[PDB]
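Encoded as structure tokens, the structure appears first; notes follow it.
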Amino acid sequence: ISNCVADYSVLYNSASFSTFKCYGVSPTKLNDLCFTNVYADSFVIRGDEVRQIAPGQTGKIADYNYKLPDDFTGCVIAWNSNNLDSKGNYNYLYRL
Amino acid sequence: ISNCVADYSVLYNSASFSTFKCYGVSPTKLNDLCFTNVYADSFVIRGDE
């Protein structure tokens, strides 16, 4: 994500997100800062392992699939997609 | 629970558990320690308690 003007308030002032966790920063401050080396990461996990997407977590998602560092700076956003990804559906794989 | 070798990694690296909260210790360290006076307690409660 680069060379843009990003308005962050329309993200957390919306309805669908049941997780908006920021780490090195407060959400109220995001519209006042300028950012460097912005990246965005996207996947689908099970419903009861959203808690593993955090600094310092154990479990087969955090240990085998996607690891966050301890000194992480950024935000973790998650929302329910039952209407879009359930029927049967089997081509969402995870490493075991 | 006594006189045995416990592999703790297959507990939290499994899928069914929706709560794995350790208190005096970290889960990553459990396979490196030896334990004293191990007991296990089991019941069924309601969903929101």
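Labeling convention for the structure tokens: chains A, B, ... as they appear, residues from 1 per chain, ligands from 1 in order of appearance.
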
Per-residue nearest contacts chain B to chain A, cut-off 7 Å, using only C-alpha atoms, as CSV:
residue,atom,partner,partner_atom,distance
B:12,CA,A:59,CA,5.7
B:13,CA,A:59,CA,4.8
B:14,CA,A:60,CA,6.9
B:18,CA,A:48,CA,6.3

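Neighbouring residues of residue 54 (chain A) at 10 Å or closer, counting only C-alpha atoms and skipping chain neighbours under 2 positions away, are residues 21, 23, 50, 51, 52, 56, 57, 58, 62, 66, 67, 68, 69, 70, 72, 75 and 76 of chain A.
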
Exercise for the section: Using DSSP on the backbone coordinates, identify the residues of region 18-76 of chain A assigned to helix (DSSP H, G or I); present them as a ChimeraX atom specification. Expected result: /A:27-32,50-52,60-64

Handout entry: One-decimal distance in Å that lies between CA of residue 44 (chain A) and CA of residue 30 (chain A)
Key =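 Going from CA of residue 30 (chain A) over to CA of residue 44 (chain A), I get 25.4 Å.
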
Shell of 10 Å around residue 28 (chain A), only C-alpha atoms, local chain residues under 3 positions omitted, as a PDB file with C-alpha atoms, in the first residue's frame:
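Contents of the output file out19.pdb:
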ATOM      1  CA  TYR A   8      -8.881   5.188   8.819  1.00  0.00           C
ATOM      2  CA  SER A   9     -12.013   6.330  10.649  1.00  0.00           C
ATOM      3  CA  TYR A  12     -13.421   1.365  12.766  1.00  0.00           C
ATOM      4  CA  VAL A  25      -0.680   3.079  18.392  1.00  0.00           C
ATOM      5  CA  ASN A  31      -5.699  10.010  11.062  1.00  0.00           C
ATOM      6  CA  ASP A  32      -2.880  12.294  12.278  1.00  0.00           C
TER       7      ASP A  32
END

Practice task
Going by DSSP on the backbone, which bits of chain A are strand (DSSP E or B)? Write them as a list in words, please.
Solution key: residues 19, 20, 21, 22, 75, 76, 77 and 78 of chain A

Handout entry: Pairwise distance for CA of residue 15 (chain B) and CA of residue 40 (chain B), rounded to one decimal in Å
Key =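 Straight-line distance from CA of residue 15 (chain B) to CA of residue 40 (chain B) works out to 20.4 Å.
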
Fill in the blank from the handout: Atom pair CA of residue 38 (chain B) + CA of residue 4 (chain B), distance 10.9 Å

Exercise for the section: May I have the residues within 10 Å of region 6-11 of chain B as a ChimeraX atom specification, using only C-alpha atoms and disregarding those fewer than 5 positions away in the same chain? Expected result: /A:58-60 /B:1,16-17,20,27-32,34-35
